[PDB]
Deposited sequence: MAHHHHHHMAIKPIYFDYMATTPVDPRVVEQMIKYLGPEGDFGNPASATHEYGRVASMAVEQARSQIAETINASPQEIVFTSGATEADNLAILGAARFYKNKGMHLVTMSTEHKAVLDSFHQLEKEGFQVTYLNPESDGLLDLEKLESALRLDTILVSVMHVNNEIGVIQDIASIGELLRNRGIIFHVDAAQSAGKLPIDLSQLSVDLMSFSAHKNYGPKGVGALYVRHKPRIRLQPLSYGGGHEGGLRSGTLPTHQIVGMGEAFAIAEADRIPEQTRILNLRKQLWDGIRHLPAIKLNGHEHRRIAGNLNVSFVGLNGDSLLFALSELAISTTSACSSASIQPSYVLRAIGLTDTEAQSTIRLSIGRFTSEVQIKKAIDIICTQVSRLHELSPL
């Protein structure tokens, strides 16, 4: 098997999380429907759901009642953005986001444009950071919602959601943050951060795919127009069945990551710096995105002059990712296609880092030699 260096696409479920999830699957376990109020199979499953809701809430310093379970950060992004814009449209129909947002955010705004909303898509600077003066200049008296992601999924850059939130709160503008790539890695304290809506994905944080959550601030109260209809119902905001094993898995993953967050992230940073220092003397290599205001595990690099398909093949002993985010920060088409995303995580070893350096040094050297 190639060495996995694509943690930002998905992570393995932590084995400690697997051990908890499997208690909620088969006939020997707690398989009841959390909505079955009339027997102990249902009640036990509900208790496990609510314990996971508390685990997640504790990691971000929110209350459990502010946590709405979803099928992933895609649904959370959709529900936050469509739900808030549609609920508050009588207050104004101008919206602001960044051109570097994940498609689950951009495509939500694209839909709202068909509904008459006016959307401003701000570009970052060339290091991927939003110029907050450009944000301020874009705000209008009829701006009702802004969405800015905490960590970019391609280039790993961190936006200053603390300042953004405070600036928007003073204007009465709702602030949504896509935190899919930051939860379990960066501090999130919603008792201090002026964030109104925040999206979470379990499988970016060593939980199972197919489950996420939306934080919905209770004070000042944020309301949403829901996107689903049926049973449940997560305070009326999300209808459907509560999948006990998925939710248990998400709660346990969040608890595990937060309990060791700073040591784990600094160990990962050390490995990422080691990787970068091992490859950064290769000819025409460029690091994309701010080097330090950046999640520990992300290394996004362009090998100017080389072909992306050729890089993927030559580097096939590494499992890596090989365009609109790169264009937004100023790369040409040609530069963007020479770019790879390496991402490191909980199961990356020092031995694998040294092998990656050797593979990248050897193979990029050959591609330059064979150029």
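- According to the record, C-alpha coordinates are lacking for deposited residues 1-11, 334-344, 394-395.
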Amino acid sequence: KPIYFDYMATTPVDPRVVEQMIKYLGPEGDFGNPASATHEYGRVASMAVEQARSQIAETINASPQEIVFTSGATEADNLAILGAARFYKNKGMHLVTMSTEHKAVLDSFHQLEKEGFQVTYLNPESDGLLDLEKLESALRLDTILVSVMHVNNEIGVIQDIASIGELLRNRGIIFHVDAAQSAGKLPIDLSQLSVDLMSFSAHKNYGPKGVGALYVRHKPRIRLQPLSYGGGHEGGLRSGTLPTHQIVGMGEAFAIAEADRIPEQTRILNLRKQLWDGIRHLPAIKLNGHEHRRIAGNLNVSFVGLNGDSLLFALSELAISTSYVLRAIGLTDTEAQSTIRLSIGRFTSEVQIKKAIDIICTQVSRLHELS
From here on, numbers count along this sequence of modelled residues.
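- Per-stretch averaging of Cα B factors for 51-59 and 328-336 places 328-336 on top.
- As the entry records it, the average C-alpha temperature factor is higher for 362-370, out of 362-370 and 3-11.
- Of the residues listed, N33, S310, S343, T70, the entry assigns the biggest Cα temperature factor to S310.
- Residue set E252, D196, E125, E75: peak C-alpha B-factor at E125 (per PDB entry).
- In this PDB entry, the Cα temperature factor of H292 sits in the top third of its chain's modelled residues, the highest group.
- Ranked within its chain, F117 lands in the middle third, by CA B factor from the PDB record.
- Sort the chain's modelled residues by C-alpha temperature factor and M93 lands in the highest third, per the entry.
- Among the modelled residues of the chain, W276 sits in the middle third by CA temperature factor in this PDB entry.
- Residue-level temperature factors show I155 in the middle third of its chain, judged at the C-alpha atom.
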